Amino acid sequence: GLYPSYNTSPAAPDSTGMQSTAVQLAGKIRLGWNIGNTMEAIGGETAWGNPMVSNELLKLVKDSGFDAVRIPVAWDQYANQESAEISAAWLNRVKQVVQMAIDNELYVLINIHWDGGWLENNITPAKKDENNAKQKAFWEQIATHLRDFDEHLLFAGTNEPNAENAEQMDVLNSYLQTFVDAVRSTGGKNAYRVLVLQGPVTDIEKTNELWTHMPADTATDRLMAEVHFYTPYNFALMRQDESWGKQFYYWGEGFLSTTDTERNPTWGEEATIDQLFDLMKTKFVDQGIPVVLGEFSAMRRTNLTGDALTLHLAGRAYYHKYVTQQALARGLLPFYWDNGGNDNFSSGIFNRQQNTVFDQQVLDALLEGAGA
């Protein structure tokens, strides 16, 4: 008993406003937005250049055409390290954001994120016991505090747990079980609440490879799976060339270069996306388990100039359209990764300072990709 029980006021099970199964819940969602670099930012909510989440932002997200938000959250840095007690002020701040998103009729998914790495980088036997205890303490607290929200609120137990092999996968399964058990033991609406569980590294391939069973649940048909998508790295996030490969500036049929052809994709084009998303359709969607596509986006390269810029941006725009559209086609619910930035190598499509659209052309792609 490393930490005290934070399961202090467990309520009676309450199905009020928790009527939708995972699958029904998932039919209500077709486009999602991440509040990236915000509630997970190390040093505080405003420490990574974004301002505090405001109702105005959430209204803009719903106005702009999204159905749900994913709110990565940091926790470890706000908790007493001897007792694993999380600051009541932080807890009230998270509740406040959840309440506002739901006031804007958004679905909401709250996680524990990388969060300084305590769990996410430590899916190993040596850390399993201490991590299991912290996972339980935090989740008891988190779910207790958020217990009364109806089915607009989902929980996701981890972010991108670094499980690379079967041994690490079994540790990750443990972490997911504790997350389920923690949440359910607090009762109330948390007995029926749709929970979201993460594939190893949220990587499609390693999930297909290593995943086995959902954790056991007292609830019935109340679990989703989660993967992320930044394929191919070279286009989506690569910022410099390495010896092993070059950055892709361009992507998609119609938008490849003929002058600088070395910045066209050598891989990770349309068919591959089709193929990976098919792996998850088979493993989960067709077994009646929706898949959250929790993060995707390809960064802007505004350090380009000229014909180069114009081409890049056309390809970037289509990539988001294609991923949005092909994920939906196969039962994956796509959530755009937005780190708030409007500068180079960033992914913000809103201007957080002004509560306005910065990147209409990418917002258009996600929308056309959902609206079709």
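The numbering used is simple: start at 1 and walk along the sequence shown.
When the mean C-alpha temperature factors of 67 to 75 and 251 to 259 are read from the deposited coordinates, 251 to 259 comes out higher. In this entry, the higher average B-factor at the C-alpha atoms falls on 240 to 248, of the pair 240 to 248 and 79 to 87. The entry lists C-alpha B-factors for 196, 273, 94, 110, and the highest of these is at 273. Taking the deposited Cα B-factors for 121, 141, 212, 202, the highest one is held by 212. Per-chain ranking of the deposited C-alpha B factor places residue 136 in the lowest third. Per-chain ranking of the deposited C-alpha B factor places residue 159 in the lowest third. Remark: residue 327 belongs to the middle third of its chain, ranked by C-alpha B-factor as recorded. Split the chain's modelled residues into thirds by C-alpha temperature factor. Residue 288 is in the highest one. Remark: residue 340 belongs to the middle third of its chain, ranked by C-alpha B-factor as recorded.
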